[PDB]
Each structure stands twice: as C-alpha cells, then as structure tokens.
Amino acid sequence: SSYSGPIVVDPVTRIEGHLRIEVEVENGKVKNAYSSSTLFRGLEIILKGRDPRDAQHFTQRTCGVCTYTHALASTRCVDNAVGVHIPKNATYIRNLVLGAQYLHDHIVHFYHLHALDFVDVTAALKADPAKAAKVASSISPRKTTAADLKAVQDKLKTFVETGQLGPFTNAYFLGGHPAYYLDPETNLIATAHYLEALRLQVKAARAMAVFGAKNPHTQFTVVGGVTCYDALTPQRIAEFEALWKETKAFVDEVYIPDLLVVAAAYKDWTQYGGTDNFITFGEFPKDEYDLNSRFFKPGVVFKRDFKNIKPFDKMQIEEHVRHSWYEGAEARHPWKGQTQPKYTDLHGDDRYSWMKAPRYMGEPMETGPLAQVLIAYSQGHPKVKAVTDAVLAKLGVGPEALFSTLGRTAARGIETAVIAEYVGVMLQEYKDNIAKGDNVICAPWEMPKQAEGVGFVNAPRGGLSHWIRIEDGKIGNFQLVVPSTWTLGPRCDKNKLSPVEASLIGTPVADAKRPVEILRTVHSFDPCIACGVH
C-alpha cells in the first residue's frame, strides 16, 4: 500500500517565508525534490547608490525572525570596509545580544515551528495528567505535578470543544496519523511546554532589548561600535542577567529534556535527511578581524570527512543562477555579484526558485546548527564535545546518528545549551572589562571613497555574509549570501541538488495527503525564505 506520484507542499508553513516544496514519490518514498522560493524583494537592488551607513537598517529587514543578525552582518561588513576596530565593549555587547538571539530563536523553532510535526496536541486530551507529571518529573530537575498538567488539559479541552481549532485546523495529526508516535502523556507534556514557551520567549526576546532598544529589529549598532551607554550600567546588566538566567533554565530544564524525549520516541528519524558537506563561519569573536578568535571557529567539511577539516576560504564562494529566476547562468563571487531578476515560472527553462544557489569549491553545503556543532566537535571544542557526547549517550546512539533529520534537530538543541552557558562567560568578561575602567563603546572612523568589505555572522541558521563594494563613498555593490540560501537554494549549473533537496531523497511518506515526513526534514533545517532570497 504505497503512493507513486507527485506531492506539492505550498505553502510550507511553520517556517519564515514563502516556500514551495515539490517531490516525486515512487513506492511511498521520495525519489526527487525541488526547493522553490516564491517571494522576491530585491534588497540588494534597493541598496545600490545609498550611504553605506544606511545598509544595516535596510538589511535588518531581510528577516524579523533572525532579527539583529543582518544588522550585525552589515555593520561588521562596513566596519571592515572602513577599517575600524571597534572597542572591546562594543564586541561584548554585540556578542551578548547575538547569544540572546540564538536562545530566543531556537526555543521558538523547536516548540512553535517544529514540534507540531511530532506532537499530536489533541491526543493530549486523553492523557492521564498524573502519569504525565511523573514522566515530566523524571526527565527534568523541574518538578511537575498532576494538577499542573491538568490545568493545561482543562484549558485545551475548552479550546477544542469550542470547535474553533484555530492554528490546529486541519492539522496532519487530527484523527490520528501513522507517522505520529507519541503517547498521550508525552503529547500533554510537550503541549504544556509549547504553551509555556509562548510566554518564556517574551523574556528571551526582552533580553535583546535591554541593550538593543527593541525586539524585533534592534537599534543599537553603528559603524565603529554601539550606541547604548545605558548598557554599561549595573541596572541594565542586572536586568539582562536575570532574563538570560531564566532563559537558560528553560533551555536546560524544559527544551533539552523534551528534545531528548521526542528524539528517543522517533529514533527511526536517524535514517532520513542526511547530507554530505558542511560549512560554518564561527561566532562570538575576541578579535573582529580574526575568525579563528571566535568561540566557535570556522571550517569546511566535504563528504563527512571530519578528520580533514579544511580552512574556510571566502574566495571559494560562488552563487549560481542557472536554476534560479535571474538572468543567464553565470555563478558569481559576491564581490562581483549580480541580482538581475528574470522570471520564467515553475521549471521554465529549468528554473524554479528566487534563491541563488551558493556553492563552495563547486559543492552544495549544509550550514546551521548541525554544521557548527559537528565542526566545533571535530575541532576539539570542549563544551560542544561534552554536551554532544551526553546527548548521544542519553539517546543510546552513535555519532553517525547525527547525519540525519533527528541529528540536525538534536544539534540545534546542543548549540542552544552550549550558547546559553557561554553567554554567562561573555557577560562576566564584559563585567570584568567595565570594572577595569574601560567605558568606551564606539570608535571613530572615516569613510573611504573606494573599498571592499565583508561581514561574517554565524546566525542561528548558519553562515551569513554581507559583501560591500564602496565606490565614490556610496554602495556600488552590496550582496547578501544567507544561511538558508546555502541550505535551501536550488540546484547549480552542475545540477547538484542543494542540501535540502538531497536530504529529502529517501523520505518515506505514509499518507500523501498529510506528508508530515517531508515537513519533519524541511523543518529540521529551520528554513528562512526572506533570508534566503532577500
């Protein structure tokens, strides 16, 4: 009993942006895949001729889920172009706001974007809250009681019997689904925590506004450093620290245990969604001009050969357009990039996406938490190694299990845990530096008439780079090459499937009308199409 034929998922929901996924299924398994991004805005075109100081305000609006990341990348890019070395405290404050962005982003992704692929919310109604509380209390040092979970169940019961299912309307789990495995109690725990995360993320986002003015779309970075003198005060630092501490407790006590419970129940998902090649840019620098000064270091890996990590050479990036809706077929290094839209409709002239197809030495590269984690592990990063090893031991699986949809989902958790701890280290260093009497947060600089610059951010979805060519002191070319562009852009002029396309081959689909298995893999990359296409 198994389907042969096409499946289209359009819109792919519970992502940022507008994605159309097309697959060919043979005998109930995916044999071919296309990743089609169906909105273009053209921010690179809009930036031409403008003041380089204004670029970060425009490019931040690439994406409000990975808010701040693009302001940071553009500011690193223009800092680099003008040759300014920002003060230590600007590096600390920028780094702290980025660490807070990762925690907010990954908690929301696991609960509010990914978990409905795995959690049947309406089966939570048939759970035994006393048994559910015992399970919840076994996996976390946080004590949960039967009454705690009954309150959740009572609230859901009222919502469901109103007949207005709202965001759960036509869910793939309604009425049951063979690819949904959780028992009612585990569904109830996950649902309780989904709801809890809706309020906790408010505090995680607030941590960014403490120094960064507001979330979404922070407003504290400038060429030369940051603007927020109030961030030096003990009051703001204390406010930040309290929000971080509560956010880290939630990561440690709620997200990771839940992640492990679900991964244990879906261990078959170590068999699907693997990829070959990985790229990461490193993040949280001590020196803005040295990627290898970052807490996570850059690297490149081909064909899962983690014993031979290659150095990242920024000149080996080219963005393809032969299968994208742009003019021609010539790949371009982003300092010679081109953004010349030319639409041909779906598969018109073998083109099917508004994303470009970045290739590294001609190869498709996964970026994101699984790249950052595996490359860091392989570089001997002790925090990443201790957390990854403990996750592998809890799940009873080998390192090979990481090369999969389940592995990528686990890596997003590992990175959240590791970054949550490291934020406390950065915070203390920040505090120490202030205590030495360094109160400087912005450095002077001058606009060159001609220059090139590049800014590198390892964002929650992976390696982000902004590239500028300054001409007559204005923006002559500005190119964004974004993590989802790497991961979810289309085929290149050598017809190599992108990471998401390739990962989809071999996906089983139990029910073609409700293809939750395709969503599990696509969501495990945490797609951002506004990011990818800009």
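The first residue of the shown sequence is 1; numbering continues from there.
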Q. When the C-alpha temperature factors are averaged for each of 479-487 and 501-509, which stretch ends up with the higher value in the entry?
A. 501-509
Q: Could you check the entry and say whether 271-279 or 394-402 has the higher mean CA B-factor?
A: 394-402
Q) Per the coordinate record, which of the options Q153, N187, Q372, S353 holds the highest CA temperature factor? A) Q153
**Q.** Residue of maximum C-alpha B factor among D117, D128, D79, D230, per deposited coordinates
**A.** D128
Q. Against its chain's modelled residues, does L19's Cα B factor rank lowest, middle or highest third?
A. lowest
Q) Among the chain's modelled residues, which third holds the C-alpha B-factor of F284? A) middle
Q. For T75, does the deposited CA B-factor place it in the lowest, middle or highest third of the chain?
A. lowest
Q: Using the B-factors in the PDB entry, rank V25's C-alpha atom against the chain and give the third, lowest, middle or highest.
A: highest
Q) Mind checking which third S36 falls in for C-alpha B-factor across the chain? A) middle
